[PDB]
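Chains as they are written, first to last, in the UniProt record's numbering: chain A, 8 to 251, 262 to 317, 324 to 836; chain B, 8 to 251, 262 to 317, 324 to 836. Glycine included, C-beta positions come from ideal geometry on N, C-alpha and C.
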Ligand SMILES: O=C(Nc1ccccc1Oc1ccc(C(=O)O)c(C(=O)O)c1)c1cccc([N+](=O)[O-])c1
Ligand SMILES: O=C(Nc1ccccc1Oc1ccc(C(=O)O)c(C(=O)O)c1)c1cccc([N+](=O)[O-])c1
């Protein structure tokens, strides 16, 4: 209780406010859960709490949207296939200032609130950084008093829950709606129809799309509370419904409604399934009909000229890129605008974001698929391309090749549509997600595009919200900072810069260190409790948490790990800094390497965490089912943050930023937004190692020879032999042959090339750790200059340099 | 408003009670529906009302079941595949005395309650009389203060909604849960597992069922309020859930969960699909594990001796007959009781009800199906049979044939299990549902069974509740009766007998007549409004409402109809009593004849309802989507009730009884409970016509020759020619050839044999109608002696002569 109380950033437990809280808990438990104290179980408790919390939202929810209705601002729609939202109870208490009132209320009903929060299922409706970016963005727009709407798909099943079994990942279905969702509000009365397949008939009206199948889109609105300002914005998520012999026909209703069943779990990868394209069409179609409909109930040919003064539609990737030929379909086919105005209108509405440089992320849809599913869409896509490509010609006379490279339409054995090209044609701004990435888009991936229309290209470096990613997750760090500098920082994270005045403050240095060590103890208790894993709490917590992929170089970390181990065994009496190396995250099913890698990590731990010589000097664990909620526990307990992808492959990162905020030192490469984080802090306050991008490119130019490295480095040679011969898998010596083969002969991500610098850099890290005082002063430097990586920042730039709306922190009544 | 007010049986609109009602409406609309008056739509209104109503249930719900928990009575479980429940809002207001308070409240919120009630989706979780019998029974047990539980399956889809198109039935899916159910309460915390397929391994513990698939049963409890006594009992309905490459495996979750998708729509007919057997196993397994579990948390080898003092399990047909070998499975396999005690226990727990004499209703399951799905069940079924059949032997030495006829196991090309035999072996009482039917079970269908164990065989004539089937549906008739004799009748329907004192009371005769004519006007307004059908309100309303089947003889009615028409055209100037002939009800998909019959009825109406000579003398309409809710409208407006099945095929009937209660005269045969209704009223107060059962049998003995009738009756010959030659279908002359063929050559139900007596009897009916005063005095006689056909009666007999519990009308606090 006693910390929770003392914590000023958690609110007031007002005497009548507590009185009302307890009252509404009992009232919900009686009328909602239909219970008494003798038969409620914890989970009814949770729901009693979560209904009462939500009651505090309602009136603000109604009036905020009433407000948009009356004033009619320009509206921002944020189209994504993913809102990596997490749990919502705390989040909402936080943004409503209710957490110490509800904390006091439930204590006084003889219930620990934190215990009840863990009952909540994450809304895991995303894969990794972009989907979570989307969730951070929702929050920041609310906090900025924007008339923003998030639009997506209500999945049955989010990202699978991960089980490690015999060292392997096992996918289980994430049935997150089993027990109900007290947060959502069904909106039956706003249901729309979505048309699949059919054909196109040209007549004297123009074109007409006929014989279609119909799936209904049913919307479920969810409140996005802003930070303490009495804004509550909406996430609108669509669910598939069948239209309105006998038995087999009812059973088959499944087939149309499987549209919303399940998030595809492929992160940083295009698998080109028609089920996925259907998901993407459904979201787009439904959203844009909602959006037109609004527009037609607001002010007032008068109408569509001004459609872009009134609507902004932000593309979270190419996933909702069909939004472009869809708006053209409506405008053109339904609304009867001439193609050229409708195109002025589209390009002025829509804007695109890139999250990936890697080629195998690109959405390239075979035309036959698009011709069958969405025959009209493909026609409009070809008239898009022709006219775009007549614009490339008129600007680059005779550059045939450029024609071919710019085209929306890719040639081959299977003709495909390059959805990123579609997005470039059809948008008024195209952005990347950190300065380095956005430069590379201009210099490489979309170089010819930049030459055409250089004014389209922008940067918007990512952020994370400091509500979720400090105030919720790390109330100790939040509190000690409010103690010095007050509370404004929470929605003005640049004020953190003020903590630089404390670098030499012995109380502050003591407190910081105290709070991390407190987080380390909790995290440790969680591991013992939930998963009966015993960790050393007086070790350096070395954390790499992120989805599993070759670009991210979990493997290079595993290299390091087997080095520490091998060094130790050489020189057993030598002192070394104690470490807990935590690697965590999911593999996309069917990503073989990634699944290999998960097995290798736990294989390491099998050796390493049973050596008696090692003792408690070194421990390797794999962290299970990394998710949003788990990130809120492990990140506040981390000393070191791993950000080790090759230079040029991590567009930005945001877990980088979460570690930063919460008092973790970073080892990383100058990649993504690691580069801007070292800029903010001074490079002398980070662990940057290895190849810069230019050095990667130089390597590519002559050739990557991993054998060169193997022959030159006896320590690396030792591990490779360890792996081949079967040290990590005695009962199956050959188990890791496809790891080694790939390291040896087909490593696109240059692992061994950054080996020697990574190991030496990790020397540096542990040298610094042996001086507590000096570690904690560098950490202060870190935390004091993470304010640039708030999502308020990022969002205020999108508003001002894309949406053409001004932010705001003025409280609604 | 003004009738609703005056109506004493609807309660008090108390000043603070109205004040609280309005308050809780606004409160629900704000916190639940998240609305204001500017954007709620009617349907949010409904839900605001239905949440506030339900709040009045909760505390009674909790304490009633608390009461069972504390006192521990013997508990009655009522196992059915069907609860033909209907809508619930009004029903609950009624039984809670809240209808004139909520009526006043919503008027004063500027909303008509009746208008909001029509927003509610029927819970159509049944096919016709048995499923509805089940719903009437639930109510009566609550009203009698029994510790009764209804147990069934929560279907996704109830009985299809019926659309007539071009005169045909079109099945649409009944997506009754689209918008949510404010009535149910999910009970996640009572989920059970159900095991399909597998195998049986005999070891030293005995038998063990292994390699099974697991479907989870999730229970949804619903409150059954008793009439004004502060009992609220539970219906517990199970829903199928999947257990806890990647994508196709999540999608396939469907397959196990399709167990609860949909009510099979076959009424009075065995189609032997494995999907249906799975439904039946799921319900049984889940229910009985719930039931054992209770039993193990209540009092206290001690335990299972007394299992029958503590449990009664009533079989609504053979549909949950697997309850017998299931209890044996648990007891035997799980609980380790020796087979003989476990059999003492089973027979003492379980009791069976028959609803059908027809052969093609019987559940006869092929053994291979039962061997694959439910291999252990089949073993226990064969040890059941052997020992039963060793009992038949020891009682009937040398009667081989009897062995063979009694056996559970049927021989043939496909071996089958006779589930009714199973039920007879494994039950302590077997009942029929009206005196004639129960005699026939003894004299025919289960004659050898009766000889063995004559003390098993019983009668329990059906009833209907007078809440739904008078007070709700017919508040005018309810009120004029309370005016004379007070209100006790509502839960003591025998008091109706007191209205015989008014047979010669000119005010009463005037009132009765007034209320029917008021019901006729409403019904008429409903038809114009909802379906734009114009009926003559000064006609005799002649109503045949019931599922469509050959036994029920919709066809014999159609015969009559084309007679009236043909008579008229002969003699156009002749006076005839004006009639509106309403035929209504569903066909099971794939019942061809029944679908033919629906087309024939509307074909009749096409001719008949456009003849100018006919004018408003005669109108034929087919009533669409007959359902529970529709029955509550048309029955109070009916003058004549059609109950015309051959003698011996309608086991009982209950729609007979609903018409009776509400002031309809009956034409029928002496069949089912028509016979006991004529007994109660005096036959001189009914229209009984045609073959008695003995005369059917005599016909069978020599042979039914429909040609005999055709040659002898020029009027019948005229219609048959009309039908063949294409009068009823000019654009498709041959359309009704399969009707005629069947009438002519293969009529199992003897239509033409009851023709001449039916027509003459209908003469009688219209003679009586030309004397209003005399019609209304006979009706009084009818209504005054329908009290035997209350379900309180029926239920109090089950309690006393089967369950071995005493009813009660003592109010809970
Ligand atoms: O009623 C709400 N707000 C009100 C109140 C009065 C008029 C307009 C309101 O909100 C609205 C209503 C309609 C629209 C629309 O999409 O056409 C808009 C809009 O976004 O421009 C805002 C409301 C706000 C938030 C949640 C719910 N809800 O769950 O139903 C309802
Ligand atoms: O809590 C309820 N009643 C109470 C209160 C205290 C103890 C026992 C209660 O009800 C119960 C609880 C458990 C059981 C059981 O099945 O084991 C029984 C029983 O049927 O013998 C009655 C209750 C009654 C009706 C609805 C709900 N509900 O929806 O959860 C809850």
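Excluding the 5 residues flanking it on each side, residue 492 of chain B has same chain C-beta neighbours closer than 6 Å at 681 and 684, in chain order.
Here residue 553 of chain B is exposed. Its C-beta has fewer than 16 other C-beta atoms within 10 Å. Following the DSSP letters along the chain, one finds residue 147 of chain B inside the alpha helix (DSSP H) bounded by residues 136 to 150.
Taking the C-beta atoms as reference points, residue 454 of chain A is found nearer than 8 Å to residue 482 of chain A. Secondary structure note for residue 755 of chain A: it is in no alpha helix (DSSP H), with a DSSP letter that is neither H nor E. For residue 68 of chain A, the residues of chain B that pass the 7 Å Cβ criterion are 41, in the order they occur in the chain. Residue contact with chain B for residue 65 of chain A: present (Cβ-Cβ distance below 8 Å to some residue of chain B). Residue 666 of chain B and residue 281 of chain B have their alpha carbons spaced roughly 26 Å apart. For residue 241 of chain B, the closest C-alpha among the options B:394, B:537, B:155 and B:772 is that of B:155. If you look at residue 177 of chain B, you'll find it in the beta strand (DSSP E) that goes 175 to 179.
Comparing C-alpha distances from residue 183 of chain B to each of B:93, B:237 and B:594 shows the shortest one belongs to B:93. The continuous beta strand (DSSP E) containing residue 170 of chain A extends over residues 168 to 172. The C-beta of residue 836 of chain B comes no closer than 8 Å to any C-beta of chain A.
Taking 8 Å as the cut-off, the Cβ atoms of residue 763 of chain B and residue 752 of chain B do not count as close.
Chain order gives the chain B residues near residue 195 of chain A as 50, 185 and 186, where near means a beta carbon separation below 8 Å. Spatial neighbours of residue 403 of chain B in its own chain (CB-CB distance under 8 Å, excluding positions within 5 residues in sequence) are listed in chain order as 348, 351, 352 and 355. Proximity of chain A to residue 167 of chain B at the Cβ level (cut-off 9 Å) is accounted for by 263 and 267, in chain order. If you draw a straight line from the Cα of residue 61 of chain A to the Cα of residue 189 of chain A, it comes to about 8 Å. DSSP, reduced to helix, strand and coil, places residue 265 of chain B within a helical segment of the structure shown. Put simply, the backbone Cα of residue 723 of chain B is about 16 Å away from that of residue 767 of chain B.
DSSP lists A:85 and A:242 as the beta-bridge partner residues of residue 157 of chain A. For residue 185 of chain A, the secondary structure class from DSSP, reduced to helix, strand or coil, is coil.
Among the bridge pairs identified by DSSP, residue 388 of chain A is matched with A:440. Per DSSP, the continuous beta strand (DSSP E) segment holding residue 334 of chain A begins and ends at 334 to 339. In the three-state DSSP reduction, residue 8 of chain A falls in the coil class, being neither helix nor strand. In the DSSP assignment, residue 675 of chain A falls outside any alpha helix (DSSP H) and carries neither an H nor an E.
For ligand 1, a non-hydrogen atom lies closer than 7 Å to the CB of residue 43 of chain B. Closer than 8 Å to the CB of residue 37 of chain B there is at least one CB belonging to chain A.
Runs of the alpha helix (DSSP H) lying entirely within the stretch 784 to 834 of chain B, each at least 4 residues long, are 795 to 806 and 814 to 821 in chain order. Taking 7 Å as the cut-off, one finds no heavy atom of ligand 1 near enough to the beta carbon of residue 535 of chain A. The C-beta distance from residue 640 of chain A to residue 632 of chain A rounds to 11 Å, too long to fall under 8 Å, and the pair is not in contact. Contacts between residue 612 of chain B and chain A, judged by CB atoms closer than 9 Å, involve 262, 263 and 264 in chain order. Ranked by Cα distance from residue 575 of chain B, the first of B:438, B:673, B:731 and B:756 is B:673. The Cβ of residue 162 of chain B sits no closer than 8 Å to any Cβ of chain A.
The Cβ atoms of residue 396 of chain A and residue 549 of chain A do not sit closer than 8 Å to each other. Contact annotation, residue 284 of chain B with residue 135 of chain B: C-beta distance approximately 5 Å; criterion of less than 8 Å satisfied.
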